[PDB]
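Shown next as structure tokens: one chain only, the form deposited without the DNA.
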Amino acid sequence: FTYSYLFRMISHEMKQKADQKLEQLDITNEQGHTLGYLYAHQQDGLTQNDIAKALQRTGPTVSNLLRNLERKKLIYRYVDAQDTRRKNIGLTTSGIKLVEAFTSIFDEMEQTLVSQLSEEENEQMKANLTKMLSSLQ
């Protein structure tokens, strides 16, 4: 195996593992992005229109998506007390936990990788990979 092959395959498998984590948590990639956006910005009092612009999606796709997430109670929605025509959206406890669980896949892969080798071996491996990265730069 050339390095080009190994690095390409490793990259591919890591991306696949992230997709599989979503599958295991029973959410689509777009639902994951929606939850992730709420996780980063819900302090602001976010509406469907905010979400729609963030996902670069139309209102109807956002509505179904929010309906799906709400049916699972990963999010909640309430009418804004000062604007009856507006509904704000927050993450529930379960929604926060799901986002953090998906995110944890990266740390989990890193630990899988590290556990393949002994401590000194990891040090040499990382040093040599750094030399390799340097040579491409």
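Residue numbers run from 1 along the displayed sequence. Definition used throughout: the rigid core is the maximal C-alpha set that superposes within 1.5 Å between two forms.
A second form of this protein, the form solved in complex with the DNA, is not displayed here; the remarks below concern that form.
Student: Tell me, out of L113, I10, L25, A18, which residue has a non-hydrogen atom within 4.5 angstroms of the DNA in the bound PDB entry.
Tutor: Flagged contact: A18.
Student: Please determine whether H33 contacts the DNA in the bound PDB entry, using a 4.5 Å cut-off between heavy atoms.
Tutor: Judged by the heavy-atom cut-off of 4.5 Å, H33 is in contact with the DNA in the bound PDB entry.
Student: Would you please decide whether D44 lies within 4.5 angstroms of the DNA in the bound PDB entry, comparing each non-hydrogen atom pair?
Tutor: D44: no, not in contact with the DNA in the bound PDB entry.
Student: Applying a 4.5 Å heavy atom distance criterion, does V99 contact the DNA in the bound PDB entry?
Tutor: Yes, contact at 4.5 Å.
Student: May I ask you to check whether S4 falls inside a 4.5 Å heavy atom distance of the DNA in the bound PDB entry?
Tutor: Within the cut-off, so yes.
Student: Heavy atom within 4.5 Å of the DNA in the bound PDB entry: which residues of 89-116 qualify?
Tutor: In sequence order, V99, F102, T103, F106, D107 come within 4.5 Å of the partner.
Student: Using a rigid core superposition, assess whether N128 undergoes a CA shift of 2 Å or more between this form and the one not shown.
Tutor: Result for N128: yes, a 2 Å-plus shift.
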